[PDB]
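In the working numbering, the protein residues as written are -1 to 1017.
Just so it is clear, CB atoms sit at the ideal spot from N, CA and C, and this is done for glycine as well.
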Amino acid sequence: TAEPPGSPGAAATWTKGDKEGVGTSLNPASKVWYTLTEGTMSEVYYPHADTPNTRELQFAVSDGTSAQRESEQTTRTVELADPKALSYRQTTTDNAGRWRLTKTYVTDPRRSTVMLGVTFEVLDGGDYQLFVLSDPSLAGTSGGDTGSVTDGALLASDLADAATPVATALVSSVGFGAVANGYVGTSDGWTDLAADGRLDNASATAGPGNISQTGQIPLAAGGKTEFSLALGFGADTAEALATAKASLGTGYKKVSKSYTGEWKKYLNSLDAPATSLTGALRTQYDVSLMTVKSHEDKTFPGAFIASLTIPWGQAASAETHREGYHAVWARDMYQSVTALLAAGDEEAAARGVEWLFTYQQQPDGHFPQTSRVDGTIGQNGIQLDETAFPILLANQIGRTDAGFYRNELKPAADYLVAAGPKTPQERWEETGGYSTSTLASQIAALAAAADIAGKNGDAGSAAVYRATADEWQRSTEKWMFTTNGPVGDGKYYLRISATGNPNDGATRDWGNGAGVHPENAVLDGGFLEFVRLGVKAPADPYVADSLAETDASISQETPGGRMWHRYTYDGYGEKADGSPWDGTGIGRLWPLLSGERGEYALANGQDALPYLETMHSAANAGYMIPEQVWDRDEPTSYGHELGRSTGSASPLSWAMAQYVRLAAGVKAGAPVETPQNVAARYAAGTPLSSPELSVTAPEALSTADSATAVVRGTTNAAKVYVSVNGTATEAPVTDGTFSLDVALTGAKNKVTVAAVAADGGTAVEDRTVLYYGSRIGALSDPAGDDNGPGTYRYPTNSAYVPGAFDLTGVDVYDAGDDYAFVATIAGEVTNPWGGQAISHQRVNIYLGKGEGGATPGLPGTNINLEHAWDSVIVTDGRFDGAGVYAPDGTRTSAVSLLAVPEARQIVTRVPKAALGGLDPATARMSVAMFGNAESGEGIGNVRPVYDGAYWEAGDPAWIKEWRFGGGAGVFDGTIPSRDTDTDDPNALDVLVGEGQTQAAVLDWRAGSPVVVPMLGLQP
Ligand SMILES: [Ca+2]
Ligand SMILES: [Ca+2]
Ligand SMILES: [Ca+2]
Ligand SMILES: [Ca+2]
Ligand SMILES: [Ca+2]
Ligand SMILES: [Ca+2]
């Protein structure tokens, strides 16, 4: 088949993020969302709010010699065509006033079609040609598109993805006079018309690649011509065509009325807004409300994408599937449904809560950073507020039925308890630690969950949740309120602390080119969330001293009112020259933050109307509230104004929601989404008692000796609950003491003890217990023993961390089908050389029954054992040298090694059968620690020990840097031992029994080879 020139078509980008307007029908039958920019129609989403398919659709007019695009006419306007519907009207006038184009957008509520009502007026003597320019980017990619023709329509498809196939059909109410398909940059309509003012291409096909279509619209005799276009979408070309035709069959006027009617009814059925809202503030309210509703998907009701846009889209390539802002974030959704809840749309919230827990929630209980409308995980960062908000949504809505609690809510709440107070990522999705913003949601979510659990008769989980929430609520100031900050009085909440000591002045890189700055120096308004979520009283003094420094550090006065930056030094925004963000830049003013300040003001009985005025001063002529507005007096080359959209991303469903929600709060006289049961506990009047709680056993970290562990202590509380990994059991309190043998249910058990006072006050205590099975017996050994007979030295290289070869203990456990031999060292369990669990350690455990006398150990060992042995367990993660061997070097069984750094342990799983009948419960054993080494470095994979002075001398360099010293002998490459003297043991330390010393037992000067004692495990 013959193709128009240009294949595969030019590289393409997306569209300006600042949309002049957006729209979709209220009816879910129409899976179409349109956006506008630069006087053209930009991305049109379908069939999900998360899939863009278009780049630009506009008109070109020619005089037969010269041709023009409306996107280049300096004079063009945008205005919403109906104060109660998302229908916009763009107007384009020739720079020489020869013609005028008027376009009004709407969509067919019954089917997937975007419709355009157009009026073309020739104000000259006449003789003009009009053409539609449609450059699609089907299925979220500018390439892989194929355009064709059929029955006077312009077809196009991209069925590369079997999951979401996309096809379109462009149809003229008066048909086309001439059509053409082409490759962008070579044979597309504008490239053609620009050249000679004539559409020379007539190809009825093009692609696959980056193509575009153009169709001449026949004009009517006289000054103007009225017509409409129908851009239909379907899974295939036939469907798309049929659908677009049906729309034209009904007609623009009819469809238009129907589209506008649905919205008018929706608004009119919802709660009437505050009467104190001026005309403009009311229209803003209405448009912001419809916009938030428009961010809800139609295929997956209850799912809300963040924004029908792509930030700095003109610089975002469109060749590969991109996420942009058109995806589902639990946080923004929270903002959206909470705003719809404020307006009266209960259904949307119920669907929302259902979708969140059914589709986005991960099996472990937490919510992914991002997801597709169908729940397919997108970004995988861990933001604790995204697991908290859905919980708070379920709390506000009453979704608390026993089933939803057990299988949905509880796993989410358990995750928060297990995750601890530090969040890996806060709401700006950049850094972790104690976040004021996120901890606020963590506390409120847990306190709500406690009431939800209590309602469902689960008193144990309720106490764990409340105790935890209470403990974090009373630590808010200790962890994030600095008293020595380099701003104002030095007293204020900082954005986030890594260690939880707001005065340590710890530093970190804050990304986007901001560089390193102490946490003490970064201010962030996220602390206002404390009163917003009922975690602190509206008049909380800590939150109050933060205002001054925070306002001085990141706020400023725009002509529309005071606005705030996200945080100090934030660089997520345009560059100094006004150029878009490309990894680095300088963050600007975020209008939604004015709304947040408004809720804080409102909560304190102040007039929040001005904040609404500020948010609206940031909107464009279409009432779209941007994510950011310029903050400088001067206008870079890119005309930028103080307090107006930078042009990067608008609307933001979140900012649109903040406007509606604050406005609803103004009518109520208080923020309406604040969790009442939470505020009743932390922001109300009387304080609760703080019971005393002391857990004497176990210690912070311990290893059980069975499947149960003793949890005991003292308390002056009425009740005490002990919960292990989500399963709680009550501990009867007697005379201010308690003691419960709780059941362990995993390798690692997170134990939480919650005490409850008669008035409801709580205290909490966390403990971690490692489980390996029933302890058979144990052996102990002192620390700082890692020096052989007391004169050996680790090889100088850094990899050999202190205490690496220092054994502190050996515990054996019956672990079902295996024996768990757990070795404990004073040093840190490291694994740099990439071995199995470990790299440097090679411990030997000779097992026997105490028969006979002196018996040599493994080869490169250079030691004898007290009595004979039937087998040895070699724990070496290097070179696959681990397993159980017979005295003849044969490996009789494979073993598994596991490193548990937190406990400085090294676990070796040995299948019971590996010990042919030899029961570790009554067996004698010798334990020695050696340094692993390659075969060519010493026989038996044992790093040898050389003479003291020789080693100290350092010559060659690798001797003192990669070998042990303080023993005897120098290197020798001729023999397998590589040591000219093997009389001295190669063990850095062993275990001995009562009456003996490692100094004497390892004293080769008194006898060689040395004889390591054979001892038994103590129950
Ligand atoms: Ca494509
Ligand atoms: Ca294209
Ligand atoms: Ca779930
Ligand atoms: Ca030791
Ligand atoms: Ca030696
Ligand atoms: Ca020792």
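Environment of residue i [buried if 16+ CB atoms lie within 10 Å]
| i | result |
| --- | --- |
| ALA328 | buried |
| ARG902 | buried |
| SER245 | buried |
| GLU826 | exposed |
| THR111 | buried |
| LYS420 | buried |
| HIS319 | exposed |
| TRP579 | buried |
| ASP783 | buried |
| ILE584 | buried |
| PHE877 | exposed |
Residue i - containing alpha helix (DSSP H), residue span
| i | result |
| --- | --- |
| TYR283 | 277 to 292 |
| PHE387 | 383 to 395 |
| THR235 | 235 to 248 |
| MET39 | Per DSSP, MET39 belongs to no alpha helix (DSSP H); it is in the beta strand (DSSP E), 38 to 43. |
| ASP917 | First-last for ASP917: undefined, no H or E at that position. |
| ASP412 | 408 to 417 |
| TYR463 | 457 to 471 |
| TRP353 | 344 to 353 |
| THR336 | 328 to 341 |
| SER615 | 607 to 615 |
Element boundaries [beta strand (DSSP E), containing residue i]
| i | result |
| --- | --- |
| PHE302 | Careful: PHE302 lies outside any beta strand (DSSP E) and carries neither H nor E. |
| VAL740 | 735 to 741 |
| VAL520 | Premise fails: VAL520 is in no beta strand (DSSP E) and is neither H nor E. |
| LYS82 | Counting along the chain, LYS82 falls outside any beta strand (DSSP E), and DSSP gives it neither H nor E. |
| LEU437 | Per DSSP, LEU437 belongs to no beta strand (DSSP E); it is in the alpha helix (DSSP H), 434 to 453. |
| residue 1020 | This structure gives no information on residue 1020, because the portion of the chain shown stretches from -1 to 1017. |
| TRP477 | Note, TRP477: premise wrong, no beta strand (DSSP E); alpha helix (DSSP H) at 474 to 478. |
| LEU805 | 805 to 813 |
| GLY376 | No beta strand (DSSP E) contains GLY376, which DSSP labels as neither H nor E. |
| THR906 | 903 to 909 |
| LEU660 | Unbroken run through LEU660 is the alpha helix (DSSP H), 651 to 666; no beta strand (DSSP E). |
Top-ranked residue by Cα proximity to residue i, from the options
| i | options | result |
| --- | --- | --- |
| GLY220 | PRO730, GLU119, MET654, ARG679 | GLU119 |
| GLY455 | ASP399, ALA755, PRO484 | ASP399 |
| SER894 | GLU475, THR888, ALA884, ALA912 | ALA912 |
| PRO422 | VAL462, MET654, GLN66, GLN381 | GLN381 |
| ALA165 | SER64, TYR43, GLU70, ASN199 | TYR43 |
| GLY850 | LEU607, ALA998, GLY759, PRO1011 | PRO1011 |
| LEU863 | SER85, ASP186, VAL335, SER924 | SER924 |
| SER651 | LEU338, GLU900, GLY734 | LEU338 |
| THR906 | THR873, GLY124, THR105 | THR873 |
| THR189 | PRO685, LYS222, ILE209, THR52 | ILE209 |
| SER796 | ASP779, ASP815, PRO830 | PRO830 |
Residue i at chain C interface by Cβ criterion, 9 Å
| i | result |
| --- | --- |
| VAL335 | Absence of chain C from the displayed structure is noted, only one protein chain being present. |
Residue i Cβ short of 8 Å to ligand 7 heavy atom set
| i | result |
| --- | --- |
| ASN862 | Of the ligands this structure carries, namely ligand 1, ligand 2, ligand 3, ligand 4, ligand 5 and ligand 6, none is ligand 7. |
For this session: For the stretch 148 to 223, list the beta strand (DSSP E) runs that are entirely contained and at least 3 residues long, ordered along the chain.
Result: Within the stretch 148 to 223, the complete beta strand (DSSP E) runs of at least 3 residues fall at 151 to 156, 164 to 170, 176 to 181, 203 to 207, 209 to 215.
For this session: Return the chain-ordered ranges of every beta strand (DSSP E) run that is complete within the stretch 758 to 790 and spans a minimum of 3 residues.
Result: The stretch 758 to 790 contains these whole beta strand (DSSP E) runs: 760 to 768, 772 to 778.
Problem set entry | Length-filtered (3 minimum) beta strand (DSSP E) runs lying within the stretch 818 to 895 | As far as the stretch 818 to 895 is concerned, its whole beta strand (DSSP E) runs of at least 3 residues are 839 to 846, 861 to 863, 869 to 874, 881 to 883, 889 to 891.
Exercise. Whole beta strand (DSSP E) runs in the stretch 930 to 983 with 3 or more residues, listed along the chain?
Worked result: Segments of the beta strand (DSSP E) lying fully in the stretch 930 to 983: 943 to 945, 962 to 965.
Exercise. What are the start and end residues of each continuous alpha helix (DSSP H) run of 4 or more residues lying completely inside the stretch 504 to 592, in chain order?
Worked result: Taking 4 residues as the shortest admissible run, the stretch 504 to 592 contains the following complete alpha helix (DSSP H) segments, listed from N- to C-terminal end: 527 to 530, 539 to 552.
Exercise. How do the stretch 764 to 781 and the stretch 698 to 707 stand: do at least 3 beta-carbon pairs fall below 8 Å, yes or no?
Worked result: Contact holds: three or more Cβ-Cβ distances are below 8 Å.
For this session: Spell out a yes or no on whether the stretch 236 to 251 and the stretch 149 to 158 are touching, meaning 3 or more CB-CB pairs, one atom from each, closer than 8 Å.
Result: Remark: three or more beta-carbon pairs, one from each stretch, lie closer than 8 Å, so the stretch 236 to 251 and the stretch 149 to 158 are flagged as touching.
Exercise. Any chance the stretch 531 to 549 sits against the stretch 487 to 497, with 3 or more Cβ pairs inside 8 Å?
Worked result: With a cut-off of 8 Å, the stretch 487 to 497 and the stretch 531 to 549 count as touching, because enough Cβ pairs lie within range.
Exercise. Do the stretch 597 to 611 and the stretch 630 to 648 meet, that is, are 3 or more Cβ pairs less than 8 Å apart?
Worked result: Segments in contact, no.
Exercise. Does the stretch 471 to 484 come close enough to the stretch 709 to 717 to have 3 or more Cβ pairs within less than 8 Å?
Worked result: No, they do not touch.
Problem set entry | In chain order, each beta strand (DSSP E) run of at least 3 residues that lies wholly inside the stretch 93 to 150 | Taking 3 residues as the minimum length, the beta strand (DSSP E) runs contained wholly in the stretch 93 to 150 are 97 to 105, 111 to 120, 127 to 134, 143 to 148, in order along the chain.
Exercise. Looking at C-beta atoms only, is the number of pairs between the stretch 879 to 890 and the stretch 793 to 808 that lie closer than 8 Å three or more?
Worked result: Between the stretch 879 to 890 and the stretch 793 to 808 there are fewer than three inter-stretch CB-CB distances shorter than 8 Å, so the stretches are not counted as touching.
For this session: Flag this pair as touching only if the stretch 216 to 235 and the stretch 168 to 184 have three or more C-beta atom pairs under 8 Å; answer yes or no.
Result: Short answer: they touch.
For this session: Could you tell me whether the stretch 129 to 144 touches the stretch 274 to 290, where touching means 3 or more Cβ pairs closer than 8 Å?
Result: Short answer: they don't touch.
Exercise. So does the stretch 972 to 992 actually touch the stretch 925 to 939, counting three or more Cβ pairs closer than 8 Å?
Worked result: Yes, the stretch 972 to 992 touches the stretch 925 to 939.
Exercise. If you pair each beta-carbon of the stretch 170 to 180 with each one of the stretch 260 to 280, do three or more pairs fall below 8 Å?
Worked result: Touching, no.
Problem set entry | Stretch pair the stretch 525 to 535 + the stretch 435 to 455: three plus CB contacts closer than 8 Å | Counting Cβ pairs under 8 Å, three or more are found: they touch.
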